[PDB]
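J.: Have a look at this one.
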Amino acid sequence: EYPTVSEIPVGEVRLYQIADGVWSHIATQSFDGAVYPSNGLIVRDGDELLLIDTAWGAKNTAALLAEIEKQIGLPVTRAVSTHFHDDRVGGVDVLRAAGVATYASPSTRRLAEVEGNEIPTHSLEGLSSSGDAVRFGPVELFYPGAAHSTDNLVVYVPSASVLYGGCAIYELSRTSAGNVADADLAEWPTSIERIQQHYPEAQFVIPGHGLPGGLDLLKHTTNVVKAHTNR
Ligand SMILES: [Zn+2]
Ligand SMILES: [Zn+2]
Ligand SMILES: [Zn+2]
């Protein structure tokens, strides 16, 4: 039932309700002659919504806001980008124009600026050291250490036992490393073990791209990273 990359036309966004007040958003982008899905999260915060990650570009993110308006009907008041790449910050300008307060760690904000990407406005304190966690409305934000990127955060929704890994967690059908240009391959398994140690109770683990699963996705990701290391 989870929407697959083959069912979403680029420019369109789907929502998938995981638990009471918890949804993933799924969009697609064309990249190098292939089409890739991408996930983010939506978490109900009283009578408002917290958005985790853009929908990978301005057009998709505008479509995301329209689909939230239509299907949920509560305002997106805050958004967090989990690292500085375009599948997470691309669309921040759209969100800001719509009155969404955008947030990222100071590490992510700096890297986005260096990369010429869109820059979330507000800085999230308390995430500078591996293993740091902070509460942000209805979620917990966790910096596990460098992995897919040096700034990558993961997000836990305690009420639903939902762990969103962003691009630091791969889906099971991904057997080779994705974009690792900005990755710390040497630290990535250690960072994943920090995630496992902090959220052993997680029931629903969402990768940055593709199908959700259980905590098996963490060991899967380590396997793929280590195999790539030994390439
Ligand atoms: Zn990335
Ligand atoms: Zn503000
Ligand atoms: Zn990605």
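J.: Which numbered condition in (1) acidic (D, E); (2) away from ligand 1 (no atom under 16 Å from the Cβ); (3) over 19 Å from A27 (Cα atoms) is the only one that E115 fails?
T.: (2)
J.: Residues in region 151-191 that are within 25 Å of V43 (Cβ to Cβ), assigned to a loop (DSSP other than H, G, I, E, B), polar (S, T, N, Q) and within 15 Å of ligand 1 (Cβ to nearest atom): how many?
T.: Residues flagged as within 25 Å of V43 (Cβ to Cβ), assigned to a loop (DSSP other than H, G, I, E, B), polar (S, T, N, Q) and within 15 Å of ligand 1 (Cβ to nearest atom) within region 151-191 amount to 1.
J.: Of the residues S81, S107, which single one is within 15 Å of ligand 1 (Cβ to nearest atom) and farther than 17 Å from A183 by Cβ?
T.: On inspection, the qualifying residue turns out to be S81.
J.: Could you grab the pairs with beta carbons closer than 6 Å, sequence gap of 6+ or different chains, first residue in region 118-131 and under 10 Å from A104 (Cα atoms), second one within 12 Å of ligand 2 (Cβ to nearest atom) and of a type in the set (F, W, Y)?
T.: Sorted first by the residue in region 118-131, then by its partner, the pairs are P120/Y103; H122/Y103; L124/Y103.
J.: I'd like to know if region 97-104 contains one or more residues that are of a type in the set (G, A, S), within 15 Å of ligand 1 (Cβ to nearest atom) and outside any strand (DSSP E or B).
T.: So far as region 97-104 goes, no, none of its residues is of a type in the set (G, A, S), within 15 Å of ligand 1 (Cβ to nearest atom) and outside any strand (DSSP E or B).
J.: Being surrounded by 21 or more Cβ atoms within 10 Å (Cβ to Cβ) and either assigned to a strand (DSSP E or B) or out of contact with any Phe, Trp or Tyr (no Cβ under 6 Å at 6 or more places or on another chain) (or both): is that true of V205 here?
T.: yes
J.: Given the residues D132, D86, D93, which is the only one that is surrounded by fewer than 20 Cβ atoms within 10 Å (Cβ to Cβ), away from ligand 2 (no atom under 16 Å from the Cβ) and within 21 Å of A63 (Cβ to Cβ)?
T.: On inspection, the qualifying residue turns out to be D86.
Condition check ((1) of a type outside the set (S, T, N, Q); (2) part of a strand (DSSP E or B); (3) in contact (Cβ under 8 Å) with a residue 40 or more places away in the chain; (4) over 23 Å from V139 (Cα atoms)) across all residues:
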{"residue": "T28", "(1), (2), (3), (4)": "no, yes, no, yes"}
{"residue": "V35", "(1), (2), (3), (4)": "yes, yes, no, yes"}
{"residue": "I42", "(1), (2), (3), (4)": "yes, yes, no, no"}
{"residue": "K70", "(1), (2), (3), (4)": "yes, no, no, yes"}
{"residue": "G73", "(1), (2), (3), (4)": "yes, no, no, no"}
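A short reminder: the numbers here are calculations on the coordinates, not readings from a lab. Every residue, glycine among them, receives a Cβ derived from its backbone with ideal geometry; neighbour counts consider all protein chains shown.
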